[PDB]
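Peer 1:
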Amino acid sequence: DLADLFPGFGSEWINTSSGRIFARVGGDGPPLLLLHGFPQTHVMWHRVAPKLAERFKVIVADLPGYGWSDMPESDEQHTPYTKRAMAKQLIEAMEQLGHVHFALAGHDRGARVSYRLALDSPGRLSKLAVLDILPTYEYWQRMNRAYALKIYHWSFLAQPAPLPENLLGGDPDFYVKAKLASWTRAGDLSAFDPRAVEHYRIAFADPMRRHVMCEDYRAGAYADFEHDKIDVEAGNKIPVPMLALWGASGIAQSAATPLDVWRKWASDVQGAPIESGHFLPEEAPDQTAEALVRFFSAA
Amino acid sequence: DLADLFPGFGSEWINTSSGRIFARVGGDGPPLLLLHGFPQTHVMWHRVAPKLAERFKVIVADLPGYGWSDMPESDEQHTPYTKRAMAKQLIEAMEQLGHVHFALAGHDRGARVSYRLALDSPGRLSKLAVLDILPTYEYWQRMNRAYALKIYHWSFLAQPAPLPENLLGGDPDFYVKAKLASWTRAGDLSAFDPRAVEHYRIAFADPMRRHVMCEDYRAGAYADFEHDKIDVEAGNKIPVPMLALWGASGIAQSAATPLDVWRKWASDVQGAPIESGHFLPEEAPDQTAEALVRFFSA
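Chains A and B are the protein sequences, given in the same order.
Per the entry's author numbering, residue 3 is the first one in the first sequence, and the count goes up by one each step.
Per the entry's author numbering, residue 3 is the first one in the second sequence, and the count goes up by one each step.
(1) If we cut at 9 Å on Cβ distances, does B/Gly172 have a partner in chain A?
(2) Rounded to whole angstroms, what's the CA-CA distance from B/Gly237 to B/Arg144? Just pull it up for me.
(3) Under 9 Å Cβ-Cβ, which residues of chain A neighbour B/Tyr68?
(4) Given a threshold of 16 other Cβ atoms within 10 Å of its Cβ, counted over all protein chains shown, does B/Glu140 qualify as buried or as exposed?
(5) Which of the residues in the segment 221-238 of chain B, read from start to end, lie with their CB under 8 Å from any CB of chain A?
(6) Is it buried or exposed, B/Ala300, if we count other Cβ atoms within 10 angstroms and call 16 or more buried?
(7) Quick check on A/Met210: buried or exposed, where buried means 16 or more other Cβ atoms within 10 Å of its Cβ?
(8) Any beta-carbon of chain A closer than 9 Å to the one on residue 1 of chain B?
(9) Can you find the residues in the same chain that come closer than 6 Å, C-beta to C-beta, to A/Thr84, ignoring five residues on each side of it along the sequence?
(10) Can you give the beta carbon distance from A/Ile153 to A/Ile276, rounded, assuming they're within the 8 Å contact cut?
(11) Using a Cβ-Cβ cutoff of less than 7 Å, which residues in the same chain neighbour B/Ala268 once the five nearest sequence positions on both sides are dropped?
(12) Any beta carbon from chain A within less than 9 Å of B/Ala180's own beta carbon?
(13) Could you compute how far the alpha carbon of A/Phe281 sits from the alpha carbon of A/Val178?
(14) Is B/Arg197 helix, strand or coil by DSSP?
(15) Please classify A/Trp142 as buried or exposed, where buried requires at least 16 neighbouring CB atoms within 10 angstroms.
(16) Mind pulling the chain A residues with CB within less than 7 Å of B/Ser157?
(17) Closer than 8 Å by beta-carbon distance: list the chain B residues that pair up with A/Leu191, in chain order.
(18) Quick one: list the residues of chain B neighbouring A/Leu169, beta-carbon separation under 7 Å, in chain order.
(19) To test your reading of the DSSP string, which unbroken beta strand (DSSP E) runs of 3 or more residues are found completely within the segment 93-179 of chain B?
(20) Can you tell me the Cα-Cα spacing of A/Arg126 and A/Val102, whole angstroms?
(21) With a threshold of 9 Å between beta-carbons, can B/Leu165 be considered close to chain A, or not?
(22) With DSSP run on the structure shown, which of helix, strand or coil describes A/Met73?
(23) Does any residue of chain B bring its CB to less than 9 Å from the CB of A/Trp267?
(24) Under a Cβ-count criterion, where at least 16 other Cβ atoms within 10 Å of its own Cβ denotes burial, should B/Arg118 be classed as buried or exposed?
(25) Helix, strand or coil, according to DSSP, for B/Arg212 in the structure here?
(26) I need the boundaries of the beta strand (DSSP E) containing A/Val27, first residue and last residue.
(27) Quick check: the Cα distance between B/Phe40 and B/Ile232, rounded to an integer number of angstroms?
(28) What in chain B is Cβ-close to A/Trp142, meaning under 7 Å?
(29) Locate the beta strand (DSSP E) running through residue 2 of chain A, then write down its first and last residues.
(30) Looking at C-alpha atoms only, which residue of B/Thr43, B/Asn17, B/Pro52, B/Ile16 is the closest neighbour of B/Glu200?
(31) Measuring alpha carbon to alpha carbon, tell me which residue in B/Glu14, B/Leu169, B/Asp6, B/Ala95 is nearest B/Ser20.
What follows is the structure in structure tokens.
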């Protein structure tokens, strides 16, 4: 009995070459794609998407392999779960709806898809917002003792299969709830709608879904890092106007001052901290939504 | 169902103020303490201890909290599982045997005890051998993407309880075997005696033992690091003659070149690579034993 947290939003299964993308679709106006991250699904947007749907055609997609999206089989390079591939697949998905130029906001892994999309295919984006991330390269480049402890899961989940999978399998509920809780400002589940938590827990309960998340992290440790490294060492910058939002108690600001980092990656970036842990649209829905509305509706 | 892998060694429960240390004891001659690491017990020495026992009184001890040694209650700073506390406990154990001046070889966590012992209490040691480690400080200082992925368990096991404990409980047999196999040159369990693997497996099957191991890694992320840091910053060197052995395809090699690193930490160090993964005494027992004998006899 998973709750419908987007009342009045439609549901779309979008075929792509790499599998169907599930999305909730609501609103009208310029298209805005919202991408969640780990260990969540598209429902993390349920508190901000209605506000967004007042001004935008809001497409709230499950990432490839997450939620109700199909799970492409991975390979030794974790290709389908690299952000490059996810971006390409979501470009396909949006093209299926006739959106070849759209606004994009991503959180967490979804934000990594988003800035990778902006780097690979900037012509697809009108504007980009990334929530509580720095590029994957920067996390790895800032991987000292303190940060290795803080985001241990970057290296734990990237261990070769089936090591993370086997450990996660014993008590999946514990781990998904732990990560949800530990990255909030409060350190518990209070920020989350209980119905949303149930979506996250149910997705996490599927061993294939967990495997996909590890593949995501494996891509994050390897190919994603390599792709970022190429761009940063080539001085490739995102040319799409972008908003970097991060939680004052979130992960991004632990590594570095987020705006300074993003100004290295992006030629036109504005940013704002939000008093929030990592889960900006759930911990700080009003502030997050206002920031996104302000940013995306600015001409 | 545990094999005795040290025929002719005695079995000693050594009382200390923090709990008992289990030891197999064999041989005669100068005392030589052998300290295992993670995720093993003293039985990892089962192939090299007999050769050492030809010339030394070999004491093959389970680290505090590991194997059959008692598990002192930890605290919010993981104090009893800091290498400084383990070293103090092992020193007390050795004093119970009347050994106040002994040779010491450690592997993995046991080697971290050992060089910490050497820094804190160098008068206790005639000679030190460390097997396939760099100082804990060095691992954390060289922390980068490559190392974070390779020794992910340094940050994973150091997560606050009960996160690692809970995950480790998801498949402990898998986890201990995976650690054993993945750090060998072969990549599988073939370098190990199956009866030793069984010792490692049964110790790891105990949640309280696994908790101890997480306490050891939490110590290694916090106080052990801080203790090392003081020594580095003060330029404290190990004055004990020491041997650093490392596996050609081991942990210590990766991030740094082990002899050069240890030379920053010790005034009198020699070293040699052993054609081995991490588990030198089991993957390469003849070479390891030879090297130890030669160093400890000299």
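We put the beta carbon where it would ideally sit given N, CA and C, even for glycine.
Peer 2: On the basis of the data shown:
(1) yes
(2) 18 Å
(3) Near B/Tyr68 there are no residues of chain A at all, since even the closest Cβ is about 21 Å away, more than 9 Å.
(4) buried
(5) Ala223, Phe227
(6) exposed
(7) exposed
(8) The question about residue 1 of chain B has no answer, for chain B in this structure spans 3 to 300.
(9) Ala221, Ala225, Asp226
(10) Actually they do not touch by this definition, with Cβ atoms about 19 Å apart.
(11) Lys239, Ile240, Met244
(12) yes
(13) 14 Å
(14) helix
(15) buried
(16) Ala150, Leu151, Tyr154, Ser157
(17) Those do not exist, as A/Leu191 stays about 15 Å from chain B at its closest Cβ, beyond 8 Å.
(18) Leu169, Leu170, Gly172, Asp173, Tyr177
(19) 104-109, 127-133
(20) 6 Å
(21) yes
(22) coil
(23) no
(24) buried
(25) helix
(26) 23-29
(27) 25 Å
(28) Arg147
(29) Examination of residue 2 of chain A is not possible in this model, given that chain A is present from 3 through 301 alone.
(30) B/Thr43
(31) B/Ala95
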